[PDB]
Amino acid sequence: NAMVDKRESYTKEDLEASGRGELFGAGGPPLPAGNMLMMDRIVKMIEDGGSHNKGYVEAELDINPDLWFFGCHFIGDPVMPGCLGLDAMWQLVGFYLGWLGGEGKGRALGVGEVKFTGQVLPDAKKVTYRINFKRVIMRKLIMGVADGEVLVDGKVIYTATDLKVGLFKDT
């Protein structure tokens, strides 16, 4: 919890290093790698920023027509699964806890209401994730609670209330 002079943005290379457990300390929570990594860059991180003044992170995914999920979901009718945008938000909550200096391995613990009101199609350009923290709890289990939004090409299409993620010392 003594970590200061924090970076406010991260590149794709940084996100891949995180997947290897090589961005933060070896004890920090890694992002998923490969086909489960659902963003290309983190554009903004602010401690005590965001809609509740308790933390903010903004990230982006470039929507390339060759993204793996388009081919299989659904065949000949490509659309990004909402569940993967939801996971992207969970991953960002966990990442933010690690960014503060939290040690452990991340596990999504749940979410309140999730609404999918639009779709991400291959013809889209960019998905944006906006995460607004409500609670940061530095206990034996480090826990983050946040509200999230997913935008496609600048318009909000998903909302999630009370995303919850924990960092476990031992799973």
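Just count from 1 along the sequence shown to find any residue number.
Checked against the record, the higher mean CA B factor of 40 to 48 and 127 to 135 lies with 40 to 48. Looking at 29 to 37 and 112 to 120 together, the entry lists the larger mean B-factor for 112 to 120, computed on C-alpha atoms.
The PDB entry assigns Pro78 a C-alpha temperature factor belonging to the middle third of its chain's modelled residues. Among the modelled residues of the chain, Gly144 sits in the lowest third by CA temperature factor in this PDB entry. Annotation for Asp62: C-alpha temperature factor in the middle third relative to the rest of the modelled chain, per the entry.
For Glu22, the recorded CA temperature factor ranks within the highest third of the chain's modelled residues. Annotation for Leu15: C-alpha temperature factor in the lowest third relative to the rest of the modelled chain, per the entry.
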